[PDB]
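These notes concern the structure reproduced below.
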Amino acid sequence: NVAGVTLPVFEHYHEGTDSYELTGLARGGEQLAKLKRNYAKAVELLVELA
Amino acid sequence: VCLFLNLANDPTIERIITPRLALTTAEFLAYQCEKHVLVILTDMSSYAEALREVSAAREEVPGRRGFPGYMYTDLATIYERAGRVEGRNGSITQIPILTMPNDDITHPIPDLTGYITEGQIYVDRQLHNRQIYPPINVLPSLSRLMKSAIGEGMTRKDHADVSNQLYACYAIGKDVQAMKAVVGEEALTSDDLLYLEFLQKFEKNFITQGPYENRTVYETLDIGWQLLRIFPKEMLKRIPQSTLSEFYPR
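As C-alpha cells, then:
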C-alpha cells in the first residue's frame, strides 16, 4: 500500500525441497555449490527488481 | 467602568442615540481628565438596522441594498472620534463588534466597517464547533499597526519574530494535516509529526484559555517560546540567530 492505490509485490521463498545433488560429474561438487550460491543471491536481487 | 444599556424593547430611535452619548462621555474623560479610555461597541448591525428604519420613516429614497447612501458618512463620524491628541496625555481606543448576515464577507456593513477602520479580527464557526474557547481564527486575522505598537522597551525584544514563527509553524501544520489526510500517515516524516504536534499543542494551550485565566503578555510569550521549543532552532528559520543564542536554549 504505497499510496491510496495498492500495488502487488513479491517475496523470496525457500520452498524447502533442497537443490539436487550431482556428485558424479568427475567429482566437482564444490564449484557447483559456489555457483548455486551465486545464482541464489542473484535471484534474490532479481525478485526485488521485479 | 461606565455602562450603557439599550434593550431591544426600548424605542428604536434610542438605538442611534446611545453611541453618541457613549462617545461624548469617552471624549470628556479622555481629553479633560488625561486618562486612557477604551470604548467597546456591540452589535453595530442593530445600529445599521435602526438607522435604516429612521431613514425609511423619513421618506428618503433608498440607497444600496435598502441601506441609506450616507451610511458611510455616519459610520465615519462615529468611528473617527478616537486616536491621540498632541499635548494631551490621553487616548481613545475603539473595538467595535458586529455580526455578518449569512457569514457573507461582502455584506455592506462589514465592507464599510473594514474600509473606515484599521485591521480586522475573525472568529470562525468551525473552531467554535470544535468546542474551543475563545474560537479565534488567527489565519485570516490581520493587524495594521502591529509593527509600531510593539518594540524594545515597551515590551521584550523577542515579540515580532515569535509571532512570525508561530504563524508560519501553524500554517505549515494545518496545510500538512490537509496533506496527510490523503497522503497517508505512513509516508510522513518525523518532522511532519513534529508539525502535527505543534498544531495540536497550539490549539490546546495557546488559544484555549478559559473565561477567567487572566494571561499577561509575558505569560503569552513564555507559552509561545515553550511551543517553539519542540523543534530545533534550525527549523525555526524566521528567528534571528542573535536571539536564538539567548532564548531558544531555555
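Listed in order, the protein sequences are those of chains 7 and 3.
Heads up: the first sequence is residues 100 to 149, going by the authors' numbering.
Heads up: the second sequence is residues 257 to 506, going by the authors' numbering.
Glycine included, each C-beta is placed from N, C-alpha and C at the ideal position.
- Proximity of residue 271 (chain 3) and residue 262 (chain 3) at Cβ, strictly below 8 Å: As a working mapping, residue 271 (chain 3) is identified with position 15 in the second sequence. As a working mapping, residue 262 (chain 3) is identified with position 6 in the second sequence. Cβ atoms of residue 271 (chain 3) and residue 262 (chain 3): closer than 8 Å.
- Query: Just curious, the alpha helix (DSSP H) that residue 351 (chain 3) is in, first and last residue?
  - Reply: By 1-based counting over the second sequence, the position of residue 351 (chain 3) is 95. Per DSSP, residue 351 (chain 3) belongs to no alpha helix (DSSP H); it is in the beta strand (DSSP E), 347-352.
- Query: Closer than 8 Å, CB to CB, is residue 440 (chain 3) near chain 7 or not?
  - Reply: As a working note, residue 440 (chain 3) is residue 184 in the second sequence. Taking Cβ atoms only, chain 7 reaches closer than 8 Å to residue 440 (chain 3), which makes this a yes.
- If you scan the region 292-346 of chain 3 from start to end, which runs of the alpha helix (DSSP H) of 4 or more residues do you find wholly inside it? 300-313, 327-335
- Would you mind stating whether residue 368 (chain 3) and residue 331 (chain 3) have Cβ atoms separated by less than 8 Å? Numbered from 1 along the second sequence, position 112 holds the residue referred to as residue 368 (chain 3). Numbered from 1 along the second sequence, position 75 holds the residue referred to as residue 331 (chain 3). Yes.
- Item | Integer-rounded CB distance, given that residue 322 (chain 3) should sit under 8 Å from residue 308 (chain 3) | As a first step, residue 308 (chain 3) is located in the second sequence; it is residue number 52 there, counting from the start. As a first step, residue 322 (chain 3) is located in the second sequence; it is residue number 66 there, counting from the start. A Cβ-Cβ separation of about 7 Å places residue 308 (chain 3) in contact with residue 322 (chain 3) under the 8 Å criterion.
- Task: Say whether chain 3 places a C-beta atom closer than 8 Å to the C-beta of residue 102 (chain 7).
- Result: In the first sequence, the residue the question calls residue 102 (chain 7) occupies position 3. Cβ-Cβ to chain 3 under 8 Å: yes for residue 102 (chain 7).
- Would you kindly work out how many angstroms separate the C-alpha atoms of residue 339 (chain 3) and residue 349 (chain 3), rounded to a whole number? Looking up residue 339 (chain 3) in the second sequence gives position 83. Looking up residue 349 (chain 3) in the second sequence gives position 93. Roughly 7 Å separates the two Cα atoms.
- Within the same chain, show all residues whose beta-carbon is closer than 8 Å to that of residue 279 (chain 3), passing over the 5 residues directly before and after it, in chain order. On the second sequence, position 23 is the one that residue 279 (chain 3) refers to. Correct list, in chain order: 295, 334, 337.
- Item | Spatially closest choice to residue 421 (chain 3) from 315 (chain 3), 387 (chain 3), 500 (chain 3), by CA coordinates | Taking the second sequence and counting its residues from 1, the one referred to as residue 421 (chain 3) is at position 165. Checking every option, the nearest Cα to that of residue 421 (chain 3) belongs to 500 (chain 3).
- Query: Considering only the beta carbon of each residue, do residue 300 (chain 3) and residue 353 (chain 3) sit closer than 8 Å?
  - Reply: Locating residue 300 (chain 3) in the second sequence gives position 44, counting from the first residue. Locating residue 353 (chain 3) in the second sequence gives position 97, counting from the first residue. Yes; because the gap between Cβ atoms is below 8 Å, this pair is in contact.
- Task: Give the range of the alpha helix (DSSP H) segment to which residue 429 (chain 3) is assigned.
- Result: For the purposes of this step, residue 429 (chain 3) is taken as residue 173 along the second sequence, with counting starting at 1. Looking at the DSSP string, the run of the alpha helix (DSSP H) that includes residue 429 (chain 3) is 416-439.
- Query: Can you round the beta-carbon distance between residue 484 (chain 3) and residue 492 (chain 3) to whole angstroms, since I take them to be within the 8 Å contact cut?
  - Reply: Here the question's residue 484 (chain 3) lines up with position 228 in the second sequence. Here the question's residue 492 (chain 3) lines up with position 236 in the second sequence. Going by Cβ atoms, the distance from residue 484 (chain 3) to residue 492 (chain 3) rounds to 6 Å, so yes, they are a contact pair.
- Run through DSSP, which three-state label would residue 374 (chain 3) get? Indexing the second sequence from 1 puts residue 374 (chain 3) at position 118. Residue state, collapsed to three classes: coil.
- Message: Helix, strand or coil for residue 479 (chain 3)? Go by DSSP, reduced to three states.
- Response: Looking up residue 479 (chain 3) in the second sequence gives position 223. Three-state DSSP puts residue 479 (chain 3) in a helix.
- Message: Between the alpha carbons of residue 291 (chain 3) and residue 341 (chain 3), how many angstroms are there, rounded?
- Response: Residue 291 (chain 3) sits at position 35 when you count from the first residue of the second sequence. Residue 341 (chain 3) sits at position 85 when you count from the first residue of the second sequence. So the two alpha carbons sit approximately 12 Å from each other.
- Residue range of the unbroken alpha helix (DSSP H) whose run includes residue 280 (chain 3): For the purposes of this step, residue 280 (chain 3) is taken as the residue at position 24 of the second sequence. Unbroken alpha helix (DSSP H) run through residue 280 (chain 3): 274-289.
- Item | Residue range of the unbroken alpha helix (DSSP H) whose run includes residue 487 (chain 3) | Taking the first residue of the second sequence as 1, we reach residue 487 (chain 3) at position 231. First-last for residue 487 (chain 3): undefined, no H or E at that position.
- Task: State the DSSP-derived secondary structure class of residue 257 (chain 3), mapped to helix, strand or coil.
- Result: Within the second sequence, numbered from 1, the residue matching residue 257 (chain 3) stands at position 1. Coil, per DSSP.
- Query: Does the beta-carbon of residue 286 (chain 3) have 16 or more other beta-carbons within 10 angstroms, so that it is buried, or is it exposed?
  - Reply: Reading the second sequence from its first residue, position 30 is the one you call residue 286 (chain 3). By the 10 Å Cβ count, residue 286 (chain 3) comes out buried.
- Item | Sequence-distant residues of the same chain with beta carbon closer than 7 Å to residue 311 (chain 3), five excluded per side | If you number the second sequence from 1, residue 311 (chain 3) lands on position 55. Excluding positions up to five away in sequence, the list reads 324.
- Query: Just how far apart, CA to CA, sit residue 125 (chain 7) and residue 104 (chain 7)?
  - Reply: Position 26 of the first sequence, counting from 1, holds the residue named residue 125 (chain 7). Position 5 of the first sequence, counting from 1, holds the residue named residue 104 (chain 7). The alpha-carbon of residue 125 (chain 7) is positioned some 55 Å away from that of residue 104 (chain 7).
- Outcome for residue 365 (chain 3) when other beta-carbon atoms lying within 10 angstroms are tallied against a minimum of 16: Residue numbering aside, residue 365 (chain 3) sits at position 109 when the second sequence is read from its first letter. Label assigned to residue 365 (chain 3): buried.
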